[PDB]
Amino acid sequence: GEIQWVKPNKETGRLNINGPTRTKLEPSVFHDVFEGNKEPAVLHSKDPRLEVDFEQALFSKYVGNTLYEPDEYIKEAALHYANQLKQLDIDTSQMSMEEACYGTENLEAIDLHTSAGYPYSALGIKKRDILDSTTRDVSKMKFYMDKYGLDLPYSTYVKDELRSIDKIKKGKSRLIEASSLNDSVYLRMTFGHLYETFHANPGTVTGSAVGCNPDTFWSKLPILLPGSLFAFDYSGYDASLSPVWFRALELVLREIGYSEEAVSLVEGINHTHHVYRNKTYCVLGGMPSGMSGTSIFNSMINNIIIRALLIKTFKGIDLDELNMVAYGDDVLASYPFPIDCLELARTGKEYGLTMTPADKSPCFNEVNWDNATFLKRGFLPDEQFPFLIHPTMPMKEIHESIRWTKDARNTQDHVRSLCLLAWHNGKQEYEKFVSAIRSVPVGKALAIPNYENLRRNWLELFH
């Protein structure tokens, strides 16, 4: 992904889009009970913690583009993946605006506690002014779309969140693209049934884990990924996608049976326009993370990428013995023989991809179930029932969340949520966690889940 041009809003006639500059993350009453090295991300250009030009760091993720048209390996990869999806029988028909706005049993409705994007953001109008859950009316929406049309520019914000201090110093905060409600509901109408199918079949057939529950999915992963494992993260995944991969995505969508009208929207994703403060800018390539179906499309492109790198990098690869699941750019995959991920990365850099170990560490090493991670969680077999697998969130990542808050009114909700992650690390680590919470006044006022009840509730999930 590379920025093509940057004109002021005056020259493009776009309305300015004003974004918050102050973090909502105050330190919590547990801020000094637990060690930790994450701080709220840099959001103002004058953040004293900066050591690099701010706006230059945010946009440094647009590495640039390499390929524009698919080669032989990427075509073969795309078709292999697409024939895999055929067995799901995606209904490619247009979804109706009622279900697209208000949801179905396998696709939650448009979030009305969040913005409506350009231009509504600047016009003061909110999503709840167009859609009501109770009537499930679409007339108010059908009207507005007719009036502003589609291909509406994305609104660029910086994300308020705890980040590494390396990334605070180097100004590498995350950019999100606020979709226009019009673009969002049109994508849902075009691809609603594919979203539905993906959410309802996490696993190695979608090659996706969107919709999975780690508490139960982890026990299946060793069965869905037999053989020797490998695993990746990508550095700057969304911006690092050259337009070739969107062409390759069109190949997949055609081959599962979408109309020439439907695949035409892919170019609207490969080629996007964004407002940030008082400027407009055009991005070619790169996924606009914040669009409808971000996770699902990131995951599908990843299935294409991995396949394409294997058959290009190694002779004698057989893509039918490959199992993988992707959640966005997180990969966990397996193959009957060991795969030298160092070579897949060399290939990726040729396509403009920066592949890294899952942990984002400096060297690749062998990956097996005892050191694997997916969605930050490890794999730890139960002591009594070794075929059940605990998703283990590391205690350090739990300690970092508990040290901050966006509203102390929710302290108990927060700690409870964290306890439900923590106890998979076992009774000793868990009770060390709970004793720490109890070592401060507010902690002794909180209801904390009892370990055995958590373990009993977990074991009941398999009945």
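The numbering used is simple: start at 1 and walk along the sequence shown.
Does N365, which is modelled here, drop out in at least a third of the other compared PDB entries? Looking at the other entries that model residues on either side of it, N365 is missing from at least a third.
Between 170-178 and 139-147, name whichever shows the higher mean Cα B factor according to the PDB entry. Result of the comparison: 139-147.
If you take the mean CA temperature factor per stretch, which one wins between 115-123 and 221-229? Looking at the recorded C-alpha B-factors, 115-123 comes out higher on average.
Looking at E343, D183, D329, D215, which one carries the largest C-alpha B-factor according to the PDB entry? Answer for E343, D183, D329, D215: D183, with the highest C-alpha B-factor.
Deposited CA B-factor, highest of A209, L375, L309, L131: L131 has the highest C-alpha B-factor of those listed.
Would you please rank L446 by its C-alpha temperature factor against the other modelled residues of its chain and give the third it falls in: lowest, middle or highest? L446: CA B-factor falls in the lowest third of its chain.
Taking the entry's C-alpha B-factors for this chain, is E55 in the lowest, middle or highest third? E55: CA B-factor falls in the highest third of its chain.
Third of the chain's Cα B-factor distribution that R247 belongs to, per the entry: CA B-factor rank for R247: middle third.
CA B-factor placement of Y234, once the chain's modelled residues are sorted into thirds: CA B-factor rank for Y234: lowest third.
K406 - Cα temperature factor, lowest/middle/highest third of chain: Ranked within chain, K406 CA B lands in the middle tercile.
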